[PDB]
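Trainee: Just dropping this structure here.
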Amino acid sequence: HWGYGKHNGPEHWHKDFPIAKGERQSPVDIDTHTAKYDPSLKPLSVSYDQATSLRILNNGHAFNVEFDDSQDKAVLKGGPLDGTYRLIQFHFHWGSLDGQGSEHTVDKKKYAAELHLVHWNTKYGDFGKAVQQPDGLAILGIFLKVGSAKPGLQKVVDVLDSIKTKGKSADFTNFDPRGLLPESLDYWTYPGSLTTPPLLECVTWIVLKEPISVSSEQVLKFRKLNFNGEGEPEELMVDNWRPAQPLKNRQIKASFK
Ligand SMILES: [Zn+2]
């Protein structure tokens with residue numbers, strides 16, 4: 001019964017998920033001055049040409065755009081990564097107001113939202129096994145700020161009325177996630193965790209520096225979703241972000257000077 005409410009939110013999660021207080025929890029604040037350029041890092045390789053979106057699901061905490069991950073069709077490689085990681089889903093975290101919503105922060109700055117493209121390491125054969133490994137997942141994080149519209153986001157926004165409440169899904173084929181990427185692939189990277197229960201410490205985080213712009217109207221539509229199920233009291237799905245966690249014995253590396 002974890003969530004983001006007044007009485008089941010992030011500060012409570014440790015009771016059911018004690019790793020919430022672990023050594024490699026996410027998100028974190030990215031202190032840009034102390035992140036060090038690492039010339040050994042390689043460009044990332046984001047290969048989404050063959051991606052097969054299938055469905056969009058309101059799971060009660062966010063909405064997931066789900067992919068076919070039964071072959072290497074949409075893969076993330078390079079950067080800090082050893083080997084090949086399959087896109088399984090993307091989702092967002094966002095605020096009730098434009099001044100908040102991101103999970104990672106940059107010199108304590110909160111963005112309006114944050115996109116997570118979740119990929120699992122093909123060495124481990126599927127997702128459930130991958131989350132049990134320290135290098136099981138690679139999550140590409142992309143900040144959203146409010147300004148111009150993101151044209152490539154609009155098809156997502158327009159389907160949200162059909163998945164207003166927890167447990168609703170809709171067909172969502174032929175969506176191209178390349179339309180959610182910023183211009184630059186410059187990034188920060190560090191070892192961390194899932195940001196939702198079970199908070200497993202299985203993620204190589206790759207957080208892009210360049211945000212994407214979305215319009216006020218687009219984020220407003222995110223904020224019309226519901227945490228609740230159909231026929232239940234309405235609870236707007238807003239502020240579904242975990243705050244920054246202690247960095248502990250980690251270094252954040254930059255791909256760029
Ligand atoms: Zn996330």
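Position 228 (the sequence shown) corresponds to 228 in the numbering used here; numbering is contiguous.
Think of the CB as a built atom: it goes at the ideal place given N, C-alpha and C, for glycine as much as any other residue.
How about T165 and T122: do their beta carbons lie closer than 7 Å?
Mentor: For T165 and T122, no; Cβs fall outside 7 Å.
Trainee: Whole angstroms is fine: what's the gap from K224's alpha carbon to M237's?
Mentor: Cα to Cα, the separation comes out at about 7 Å.
Trainee: Using a Cβ-Cβ cutoff of less than 7 Å, which residues in the same chain neighbour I212 once the five nearest sequence positions on both sides are dropped?
Mentor: Excluding residues within five positions, the ones whose Cβ falls inside 7 Å are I142, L144, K150, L180 and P182.
Trainee: Short check: CB of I206 to CB of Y187, under 7 Å?
Mentor: Result yes, Cβ atoms of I206 and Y187 sit closer than 7 Å.
Trainee: Within 6 Å: the Cβ of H61 and any heavy atom of ligand 1?
Mentor: No, ligand 1 has no heavy atom inside 6 Å of this Cβ.
Trainee: To the nearest angstrom, report how far apart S216 and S53 are at their CA atoms.
Mentor: Answer to the nearest angstrom: the Cα atoms are 26 Å apart.
Trainee: Starting from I206, follow its DSSP beta bridges and name the residues at the other end.
Mentor: The partner list for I206 (beta bridge, DSSP) reads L140 and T189.
Trainee: According to the neighbour-count rule (16 or more other Cβ atoms, all chains shown, within 10 Å of its Cβ), is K110 buried or exposed?
Mentor: Buried, because 16 or more other Cβ atoms sit within 10 Å of the Cβ of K110.
Trainee: First and last residue of the beta strand (DSSP E) that includes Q218?
Mentor: From DSSP, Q218 is part of no beta strand (DSSP E) but of the alpha helix (DSSP H) over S216 to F222.
Trainee: May I have the straight-line CA-CA distance separating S193 from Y4, to the nearest angstrom?
Mentor: Approximately 18 Å, taken between the alpha carbons.
Trainee: If you follow the alpha helix (DSSP H) that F127 is part of, which residue opens it and which one closes it?
Mentor: Unbroken alpha helix (DSSP H) run through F127: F127 to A130.
Trainee: Compare the Cα-Cα distances from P243 to each of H12, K221 and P27 and report the closest residue.
Mentor: Taking only the C-alpha atoms, the option nearest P243 is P27.
Trainee: Cα separation between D16 and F175?
Mentor: So the two alpha carbons sit approximately 36 Å from each other.
Trainee: Do you know whose CA, among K209, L160 and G167, lies nearest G231's CA?
Mentor: Out of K209, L160 and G167, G167 has the C-alpha closest to the C-alpha of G231.
Trainee: Does the count of Cβ pairs from the region 87–98 and the region 250–257 closer than 8 Å reach three?
Mentor: Because the criterion of three Cβ pairs below 8 Å is not met, the region 87–98 and the region 250–257 do not touch.
Trainee: Pop quiz: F63 and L160 are said to be a contact at Cβ under 8 Å. What is the actual Cβ separation, rounded to whole angstroms?
Mentor: That pair is a contact at about 7 Å.
Trainee: Let me check understanding here. Comparing Cα to Cα, which of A170, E11 and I30 lies closest to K248?
Mentor: Nearest C-alpha to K248: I30.
Trainee: Taking 7 Å as the cut-off, decide whether the C-beta atoms of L97 and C202 are in contact.
Mentor: Contact: no.
Trainee: Straight-line CA distance for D107 to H33?
Mentor: Roughly 8 Å between the two C-alpha positions.
Trainee: Starting from the C-beta of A20, find all residues in its chain whose C-beta is less than 6 Å away, skip the five residues before and the five after it, and write them out in chain order.
Mentor: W13, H14 and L199, listed in sequence order.
Trainee: Would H104 pass as a contact of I139 if the rule is Cβ separation under 7 Å?
Mentor: Not in contact: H104 and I139 (Cβ atoms no closer than 7 Å).
Trainee: For the alpha helix (DSSP H) that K155 lies in, which residues bound it at each end?
Mentor: Unbroken alpha helix (DSSP H) run through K155: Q154 to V159.
Trainee: Select from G229, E234, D126 and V65 the residue whose C-alpha is nearest the C-alpha of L153.
Mentor: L153 has its Cα closest to that of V65, out of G229, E234, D126 and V65.
Trainee: Less than 6 Å separating the Cβ of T204 from some heavy atom of ligand 1?
Mentor: Outside the cutoff, so no.
Trainee: Note down the Cα distance separating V156 from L220, rounded to an integer number of angstroms.
Mentor: C-alpha separation (whole angstroms): 13 Å.
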